[PDB]
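Residue numbers (my numbering), protein chains in the order written: chain A, 429 to 503; chain B, 2 to 371; chain C, 64 to 433; chain D, 64 to 433.
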Ligand SMILES: Nc1ncnc2c1ncn2[C@@H]1O[C@H](COP(=O)(O)OP(=O)(O)OP(=O)(O)O)[C@@H](O)[C@H]1O
Ligand SMILES: Nc1ncnc2c1ncn2[C@@H]1O[C@H](COP(=O)(O)OP(=O)(O)O)[C@@H](O)[C@H]1O
Ligand SMILES: Nc1ncnc2c1ncn2[C@@H]1O[C@H](COP(=O)(O)OP(=O)(O)O)[C@@H](O)[C@H]1O
């Protein structure tokens, strides 16, 4: 303010800012598909006590010794 | 008896079907004067067109009606077609049927409005729109092979094998002659010689066509340009003033091969030609490498073919043989194809008639385009 | 281990990361590496040459976008390393990679070299305790809480159908097609150019993805909706300019059901589902048709469920009960499955330890994944 | 050397000098060389044949004014050396140029020979420790204290629009037109002759610049003010004589916003601002419209911001927020930016040392610029 009062070629009695006036899911509600509510807390409890047998596991494309089925049994 | 009229963004090539070369070739521009409120002298035309506007460049503001193969101002394009038929060719449009050329993957409104004018304004008996790339193959007597038809407006890559086109393999790039002309102005302004006005931009296009050449190794060429003044050539303007463009000679056409210079963030004219072949079926790739055509006047740069071969060969497999097809008449490659197509008795059936247009509408063109 | 294992769903469009047990993924950001294309001149501007996730989304116009993985295959691994690094950085989960085990979620029938390198990076660059690679479909079933179901997972990169009956997944009945959400956005861009609105820039391609998500409906009858004159629904771009999408709105997402449009000789999303069921043994066909689970973000299209149910019914046998079940969080369904699997004590046995990987090598990961 | 750096703005009209410590430029004098109008053979006349700044302003009518710099380019270098020597005189600053380092402010997209010769002078003639050439636009943002912002810098010689977002300047989006304050002064002289007051002399051109600076208001609607009868406001000349300006007052600076009226092929001040934003990426357009900064002396016209806002709004997209943030110190904004930049410890790294220029070569100044 006193800085710009010192200089000669300065804008006096002019507005600083010239601005404009400040101006102020469809598939998920379908009949065809059946809407399920995902509750992981409920899901976690159902699978809680289920185990898998990783002994003698081989999912790879290995030909040796007939067919294999990964995850034998639980407990 | 039929008319071929190429609607190129840079130059409009028009002529009679069957003839070797196009009859009338003029720059596609409309020249409106920088008029003040002061009264004008005698022999005054409200809006000049083509060779007339090319003579009176000084005062007239040059406005290209077709921008990137899209007709922006239709009133301007109408005045060019009026200069094409009545004045340049000296023929009635009602008598002869007119073949026009559109670039591939253009807006649908362009083809729609184009034919509407030809049928209503000029009252043509028949009208067929064709892809520029499809015509360019006929010039070389080749049914099989890809083309890299780089124009002033756009550059497009259309692979066609055994007289069957692959539409999904077609790629369009907005980088073209006018962008290079605009790029050449900026780097000439960096040297010292400032060119701003529309008339001055036309003089920069004359500088580009004559001097500019494609370098084999850009980094190697920049090293020789810095050390020695052997590449530096002089050009006389319309004014007695002469200019020495220097390294900017071979810097302009480099923008084709690396758009990063222009700042488009897109693949180069070499890389897009490769990408288009890879998008095609694996079997037919062999012939497309063997038959890579370069069409339009943006492929008349001295030594583009050598640089093109080098860049494709590096990207492509080592076992494959890459041959670039560069005929002497590349500028008139789109038209000369049209002349061969229109002349053939088979094409007589493919014409869209007034009766066909009247009943169906302008939408009929989209069915009988290609 | 006392420290919770981190679930990372390495999706093509959006990578979703978070801790096991959490009901929803806390930190989900778009999968791309943003580099600044414009030059830095001023002091105090945005620091770094790499922008990932929300910082990249805010300053999108400044940056040039580059997707690291395409069709569920990591093309650039250097970029994939930086995004996984960003997951562990202060902005997202903010923990050390050495303390928490990881759960990675790759698509089915991807290349073996991808799984090998994915493991190499996650064990060497990050010193993770344990990594388990799993299929997207197997997890999606744990989330819904169902043992029997076919999982049609239409992602951004790849759309696949995996028939799973009473825990077991049938590896020979797995059907995968490259055509997916990102190809629909690419096919939409092509049709927007035909309408006469160009989106050449990598940043502008993200606006085409935004147009797709907001305004695109799958018509129940394709040939019917083609003929009828459509209401030209205007969309507001980021700058403010209005575009009329018109016919391209409903023609674009039809690519998923008809891959002939883009010009790829593959099965449609409707054909993929029925083929997957028909490939399975006679007895289970009726149970798999009854239990269909949609997954991925590209199933959220308006009238996808309506169209698929129409298309499946024609191909499927007469008088069979076809129930298509949609979890409300289709997009996050894959991750939620990961969290539930990770929380179980059985997951401890499933893991590959560092020492186990170090001894055997690549084989150990291939042995234990499906 | 640690001693305070000397900022100097290379303004075609007014060069602004001073130290980096000062909040405002202490010494700012007109950029023209003053020689006696009558060719002086005799004694008792103006001695030295050199009058610069305040000495020239005193004996103005006797001397003949010759501007050394035209359109942001140095035409006469011998004159410019004398001007920069007067910056290091007893009149202004009163210091050794060999002690203090220097910062120049060259306009964007100037000739490279202009930058090279500017450095050669400041390193050879004056024995400067270090020199740094910078862009006028980038400085203007440092003064205001915002990283993002478009800078419409309307000087005396050149008017240029540079868009910078988050400290990243897009070099392709820069727009430069030669129609600046000096051209408005030239066109006002023509209209003053149309009112019937001749200012033929080079000294009499200076008072036309004073008449312009004193009384010239930009009407919101130009057509309504022309039909309305003017007050004919009297201006007082140095001799004492009165001149009634009348309609010439408002229809002179209009030629900035509409340069086709006189017959100059340019875009216009409203157009270059909008075009510069539209040329930039779509994501940034909204933020660049929301941050516009007016710089230079040819924005201080009464009702410039009022007209520009109206002329930008109609060209710009509908329902977009347009904030044209003018500082109070527009004339001295470019220097204040340099004064802040110079003060920072980062500037120590940015500038090129005298020994660096001797060893590295000519490129040294160009490569370190950005
Ligand atoms: N010999 C040349 N060397 C370099 N550039 C040239 C040469 N001749 C023309 N050009 C440039 O390339 C453009 C070639 O335009 P051309 O005459 O092929 O018409 P066009 O509008 O591109 O038509 P089309 O798109 O149908 O090919 C010119 O506008 C010019 O900028
Ligand atoms: N509302 C929507 N409508 C249509 N498509 C959508 C919608 N939301 C997202 N998409 C699409 O789905 C993609 C998200 O894929 P996503 O399910 O996250 O992948 P993945 O399953 O491989 O992790 C988006 O990139 C977009 O293409
Ligand atoms: N108060 C004013 N009102 C109108 N025009 C002015 C005013 N002050 C300066 N000008 C004009 O602007 C010019 C000053 O330009 P300037 O801002 O010094 O340019 P630069 O940014 O290149 O240094 C003067 O020569 C005059 O034409």
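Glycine residues also receive a C-beta, built at the ideal position from the N, C-alpha and C atoms.
Give a yes or no on whether 8 Å exceeds the smallest Cβ distance from residue i to chain D.
{"i": "residue 433 of chain A", "result": "no"}
{"i": "residue 390 of chain C", "result": "no"}
{"i": "residue 304 of chain C", "result": "yes"}
Where does residue i fall in DSSP's three states?
{"i": "residue 307 of chain B", "result": "helix"}
{"i": "residue 397 of chain D", "result": "helix"}
{"i": "residue 106 of chain C", "result": "coil"}
{"i": "residue 328 of chain D", "result": "coil"}
{"i": "residue 85 of chain B", "result": "helix"}
{"i": "residue 351 of chain B", "result": "coil"}
{"i": "residue 297 of chain C", "result": "strand"}
{"i": "residue 321 of chain B", "result": "coil"}
{"i": "residue 110 of chain B", "result": "helix"}
{"i": "residue 487 of chain A", "result": "coil"}
{"i": "residue 208 of chain B", "result": "helix"}
{"i": "residue 166 of chain D", "result": "strand"}
{"i": "residue 28 of chain B", "result": "strand"}
Mind pulling the chain D residues with CB within less than 8 Å of residue i?
{"i": "residue 191 of chain B", "result": "172, 174 and 175"}
Can a CB atom of chain C be found closer than 8 Å to the CB of residue i?
{"i": "residue 195 of chain D", "result": "no"}
{"i": "residue 454 of chain A", "result": "yes"}
{"i": "residue 298 of chain D", "result": "no"}
{"i": "residue 397 of chain D", "result": "no"}
Residue i touches chain D at which residues, Cβ-Cβ below 9 Å?
{"i": "residue 263 of chain C", "result": "Within 9 Å Cβ-Cβ: nothing; residue 263 of chain C doesn't reach chain D, min ~11 Å."}
Spatial neighbours of residue i within its chain, please: CB distance less than 8 Å, with the 5 preceding and 5 following residues excluded, ordered by chain position.
{"i": "residue 265 of chain C", "result": "127, 128 and 129"}
{"i": "residue 77 of chain D", "result": "91, 92, 93, 94, 219, 360 and 394"}
Mind listing the chain B neighbours of residue i? Cutoff is C-beta to C-beta under 8 Å, in chain order.
{"i": "residue 127 of chain C", "result": "266"}
Below 7 Å CB to CB, which residues in the same chain sit around residue i once its five sequence neighbours on both sides are set aside?
{"i": "residue 288 of chain C", "result": "282 and 313"}
{"i": "residue 66 of chain C", "result": "162 and 163"}
{"i": "residue 343 of chain D", "result": "226, 233, 236 and 351"}
Taking 6 Å as the limit between beta carbons, can you name the residues of its chain near residue i, skipping five residues before and five after?
{"i": "residue 367 of chain C", "result": "281"}
Chain C partners of residue i, CB-CB under 7 Å?
{"i": "residue 110 of chain B", "result": "259"}
{"i": "residue 344 of chain D", "result": "124, 264 and 266"}
{"i": "residue 201 of chain D", "result": "104 and 105"}
Closer than 8 Å by beta-carbon distance: list the chain C residues that pair up with residue i, in chain order.
{"i": "residue 229 of chain D", "result": "108, 109, 122 and 125"}
{"i": "residue 69 of chain D", "result": "The contacting residues do not exist; residue 69 of chain D stays about 20 Å from chain C at best."}
Since residue i meets chain A, which of its residues come closer than 8 Å, beta carbon to beta carbon?
{"i": "residue 364 of chain C", "result": "455"}
Can you list the residues of chain B that residue i reaches, using a CB-CB cut of under 7 Å?
{"i": "residue 328 of chain D", "result": "35, 62, 198 and 199"}
Name the chain A residues that come within less than 7 Å of residue i, Cβ to Cβ?
{"i": "residue 403 of chain C", "result": "468, 471, 472 and 475"}
Is residue i close to chain B, meaning its C-beta is less than 8 Å from at least one C-beta of that chain?
{"i": "residue 325 of chain C", "result": "yes"}
Using a cut-off of 9 Å between C-beta atoms, extract the partners of residue i located in chain B.
{"i": "residue 256 of chain C", "result": "106, 107, 108 and 173"}
{"i": "residue 241 of chain D", "result": "195 and 197"}
Within the 8 Å Cβ cut-off, does residue i reach chain G?
{"i": "residue 409 of chain D", "result": "Here the protein chains are A, B, C and D, and chain G is not one of them."}
Report yes or no: is there a C-beta of chain A within less than 8 Å of the C-beta of residue i?
{"i": "residue 406 of chain C", "result": "yes"}
Contact residues within the region 438-471 of chain A, judged by C-beta distance below 9 Å to chain D: Contact residues of the region 438-471 of chain A toward chain D are 438, 439, 440, 442, 443, 444, 445, 446, 447, 448, 450 and 451 (C-beta to C-beta distance below 9 Å).
Near-chain C residues of the region 366-388 of chain D (beta-carbon distance less than 9 Å), N- to C-terminal order: Answer in chain order: 379, 380, 381, 382 and 383.
Interface residues of the region 485-498 of chain A facing chain C [CB-CB below 7 Å]: Answer in chain order: 485, 486, 487, 488 and 498.
Contacting positions in the region 206-238 of chain C - beta carbon closer than 7 Å to chain A: Residues of the region 206-238 of chain C with a C-beta less than 7 Å from any C-beta of chain A: 206, 207 and 208, listed in chain order.
Interface residues of the region 78-105 of chain C facing chain B [CB-CB below 7 Å]: Taking 7 Å as the upper bound on Cβ-Cβ separation, chain B lies near residues 100 of the region 78-105 of chain C.
Residues within the region 147-174 of chain B neighbouring chain C, beta-carbon criterion of under 9 Å: Within the region 147-174 of chain B, 167, 168, 169, 170, 173 and 174 place their CB atoms closer than 9 Å to a CB of chain C, listed in sequence order.
Residues, ordered as in the chain, of the region 262-295 of chain C that lie near chain D by beta-carbon distance below 7 Å: Sequence-ordered contacts of the region 262-295 of chain C with chain D read 264, 266, 267 and 270 [C-beta pairs closer than 7 Å].
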